[PDB]
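Remarks on the structure that follows.
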Amino acid sequence: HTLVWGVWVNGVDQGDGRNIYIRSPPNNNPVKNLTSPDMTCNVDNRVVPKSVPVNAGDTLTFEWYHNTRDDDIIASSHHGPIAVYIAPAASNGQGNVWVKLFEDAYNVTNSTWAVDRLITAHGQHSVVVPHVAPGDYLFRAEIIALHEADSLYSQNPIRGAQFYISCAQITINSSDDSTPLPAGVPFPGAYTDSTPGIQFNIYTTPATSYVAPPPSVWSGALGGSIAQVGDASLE
Ligand SMILES: OC[C@H]1O[C@@H](O[C@H]2[C@H](O)[C@@H](O)[C@H](O[C@H]3[C@H](O)[C@@H](O)[C@H](O[C@H]4[C@H](O)[C@@H](O)[C@H](O[C@H]5[C@H](O)[C@@H](O)[C@H](O[C@H]6[C@H](O)[C@@H](O)[C@H](O)O[C@@H]6CO)O[C@@H]5CO)O[C@@H]4CO)O[C@@H]3CO)O[C@@H]2CO)[C@H](O)[C@@H](O)[C@@H]1O
Ligand SMILES: *[C@@H]1O[C@H](CO)[C@@H](O)[C@H](O)[C@H]1NC(C)=O
Ligand SMILES: [Cl-]
Ligand SMILES: [Cl-]
Ligand SMILES: [Cl-]
Ligand SMILES: [Cl-]
Ligand SMILES: [Cl-]
Ligand SMILES: [Cl-]
Ligand SMILES: [Cl-]
Ligand SMILES: [Cu+2]
């Protein structure tokens, strides 16, 4: 159970974005139905009034929280991966348009899932803005909590993988468009019951065996990290 408070750009807080530049749902409940339109941008997908200006090569940091800013972020039980996708805003998230910019599942060295490190990072994880065409974009941050993913929602609707999905409206201003955006996957649609990483038992299968759901990260992506970039408490 977690939500996005807002974003930072190059280490500078852009301010509370909830229902402003984040298409925020009314609460922190998970999405579980893989075929629902809720998979796109969660349960209240609509245009919100602001879009955060960035340039290619900037660091864009999502900041998550549980109940209040910079709290326990997400329950520690919710071990799982984190991805970020991008699509042009014109799509409204419909069609084959989502391109993966970031994937982090399990860190063998550190013996931690992406979620574990997200908590340690005070909810902060980042991508570097790619050299796509200037214009308006949706950045879809997705946490998959796997604590009940031994079952499939489609089979048992009281269990299943949980998806915490947040779409940020981002305007890319300066960019030479040297890596124009390739084709995307659909949400809903990309994840099905057979997809690797959707059904998995984190308790009896080694985390080292986990494979996150495709698609693979676009070769045009400039990477990213799960790490605190800014101290919210200093505001
Ligand atoms: O190592 C020895 C052997 O281990 C075996 O593996 C076991 C494992 O040990 C056991 O841990 C595991 O059990 C898991 C269950 O399958 C799973 O269902 C359970 O889910 C919990 C979850 O942990 C918890 O975080 C979650 O809390 C939710 C809560 O439901 C929700 O209502 C609340 O919502 C509030 C919002 O948070 C709040 O913001 C808002 O204001 O109010 C909301 C409403 O109050 O949100 C919280 C999260 O924040 O609840 C679910 C239960 O519903 O987690 C268990 C683990 O923690 O099962 C394994 C199998 O038994 C191996 O199998 C064996 O081989 C080993 O040897
Ligand atoms: C899952 O979503 C699909 C598509 O919206 C819907 O038809 C189906 O009823 C949903 N499943 C449940 C249990 O609500
Ligand atoms: Cl839960
Ligand atoms: Cl609700
Ligand atoms: Cl759902
Ligand atoms: Cl604006
Ligand atoms: Cl950190
Ligand atoms: Cl550029
Ligand atoms: Cl589908
Ligand atoms: Cu939860």
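Here, A, B, ... name the chains of the structure tokens in the order displayed, residue numbers run from 1 inside each chain, and ligands are numbered from 1 in the same displayed order.
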
List as a PyMOL selection string the protein and nucleic acid residues lying within 8 Å of ligand 3, with only C-alpha atoms and all ligand atoms counted.
chain A and resi 1+30+78+147-148+162

Kindly save the residues from that selection, with C-alpha atoms included, as a PDB file, in the first residue's frame.
ATOM      1  CA  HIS A   1       0.000   0.000   0.000  1.00  0.00           C
ATOM      2  CA  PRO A  30      -3.343  -2.236  -5.036  1.00  0.00           C
ATOM      3  CA  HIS A  78       5.748  -6.245  -0.030  1.00  0.00           C
ATOM      4  CA  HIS A 147       3.731 -11.381  -0.915  1.00  0.00           C
ATOM      5  CA  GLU A 148       0.596 -13.123  -2.280  1.00  0.00           C
ATOM      6  CA  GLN A 162      -0.193  -6.488  -6.391  1.00  0.00           C
TER       7      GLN A 162
END

Which residues of region 60-112 of chain A have any atom within 12 Å of an atom in region 202-220 of chain A when counting only C-alpha atoms, and what is the closest pair of atoms for each, with the distance in Å to one decimal? Order the rows by chain and rising number and write it as JSON lines.
{"residue": "A:77", "atom": "CA", "partner": "A:202", "partner_atom": "CA", "distance": 10.5}
{"residue": "A:78", "atom": "CA", "partner": "A:202", "partner_atom": "CA", "distance": 10.3}
{"residue": "A:79", "atom": "CA", "partner": "A:202", "partner_atom": "CA", "distance": 8.1}
{"residue": "A:80", "atom": "CA", "partner": "A:202", "partner_atom": "CA", "distance": 8.8}
{"residue": "A:81", "atom": "CA", "partner": "A:212", "partner_atom": "CA", "distance": 7.0}
{"residue": "A:82", "atom": "CA", "partner": "A:212", "partner_atom": "CA", "distance": 9.0}
{"residue": "A:83", "atom": "CA", "partner": "A:217", "partner_atom": "CA", "distance": 9.1}
{"residue": "A:84", "atom": "CA", "partner": "A:217", "partner_atom": "CA", "distance": 9.2}
{"residue": "A:85", "atom": "CA", "partner": "A:217", "partner_atom": "CA", "distance": 8.9}
{"residue": "A:86", "atom": "CA", "partner": "A:218", "partner_atom": "CA", "distance": 10.4}
{"residue": "A:96", "atom": "CA", "partner": "A:215", "partner_atom": "CA", "distance": 11.8}
{"residue": "A:97", "atom": "CA", "partner": "A:215", "partner_atom": "CA", "distance": 11.8}
{"residue": "A:98", "atom": "CA", "partner": "A:215", "partner_atom": "CA", "distance": 9.4}
{"residue": "A:99", "atom": "CA", "partner": "A:218", "partner_atom": "CA", "distance": 6.7}
{"residue": "A:100", "atom": "CA", "partner": "A:217", "partner_atom": "CA", "distance": 4.8}
{"residue": "A:101", "atom": "CA", "partner": "A:217", "partner_atom": "CA", "distance": 5.5}
{"residue": "A:102", "atom": "CA", "partner": "A:217", "partner_atom": "CA", "distance": 6.0}
{"residue": "A:103", "atom": "CA", "partner": "A:217", "partner_atom": "CA", "distance": 6.7}
{"residue": "A:104", "atom": "CA", "partner": "A:212", "partner_atom": "CA", "distance": 8.2}
{"residue": "A:105", "atom": "CA", "partner": "A:212", "partner_atom": "CA", "distance": 6.4}
{"residue": "A:106", "atom": "CA", "partner": "A:207", "partner_atom": "CA", "distance": 6.6}
{"residue": "A:107", "atom": "CA", "partner": "A:208", "partner_atom": "CA", "distance": 8.2}
{"residue": "A:108", "atom": "CA", "partner": "A:208", "partner_atom": "CA", "distance": 6.5}
{"residue": "A:109", "atom": "CA", "partner": "A:208", "partner_atom": "CA", "distance": 10.2}
{"residue": "A:110", "atom": "CA", "partner": "A:208", "partner_atom": "CA", "distance": 11.4}
{"residue": "A:111", "atom": "CA", "partner": "A:207", "partner_atom": "CA", "distance": 8.5}
{"residue": "A:112", "atom": "CA", "partner": "A:207", "partner_atom": "CA", "distance": 8.9}

Please identify every polymer residue within 7 Å of ligand 2, using only C-alpha atoms and all ligand atoms, and present the set as a PyMOL selection string.
chain A and resi 33-37+157

Next, the residues of the selection above should be written as a compact mmCIF listing (two decimals), in the first residue's frame with C-alpha atoms.
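Result written to selection.txt:
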# COMPACT_ATOMS: atom_id res chain seq x y z
CA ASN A 33 -6.75 -7.45 -12.19
CA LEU A 34 -4.31 -7.83 -15.07
CA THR A 35 -6.93 -7.16 -17.71
CA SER A 36 -8.49 -4.10 -16.10
CA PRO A 37 -8.03 -0.59 -17.57
CA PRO A 157 -9.27 -12.90 -6.32

Tell me, as a count of residues only, which residues lie within 8 Å of region 128-140 of chain A, counting only C-alpha atoms; anything in the same chain fewer than 5 positions away does not count.
40

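Put simply, atom 37 (O, counted along the ligand's line) of ligand 1 is 16.4 Å away from CA of residue 118 (chain A).
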
Counting only C-alpha atoms and all ligand atoms, what are the residues, protein, DNA or RNA alike, that approach ligand 6 to within 7 Å? I want them as a PyMOL selection string.
chain A and resi 49-52

Can you tell me which residues sit at most 12 Å away from ligand 10, counting only C-alpha atoms and all ligand atoms, written as a VMD selection string?
chain A and resid 1 to 3 27 to 32 65 to 67 72 to 80 115 143 to 148 159 to 164

Give the strand (DSSP E) residues of region 24-226 of chain A, as DSSP finds them on the backbone, and put them as a PyMOL selection string.
chain A and resi 52-54+59-65+82-88+99-104+106-107+112-113+124-128+135-145+162-172+224-226

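In this comparison, which uses only C-alpha atoms, the residue of A:5, A:151, A:21, A:235 approaching residue 45 (chain A) most closely is A:21.
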
If DSSP is run on the backbone, what residues of region 2-188 of chain A are alpha helix (DSSP H)? A reply as a ChimeraX atom specification would be ideal.
/A:38-41,114-120
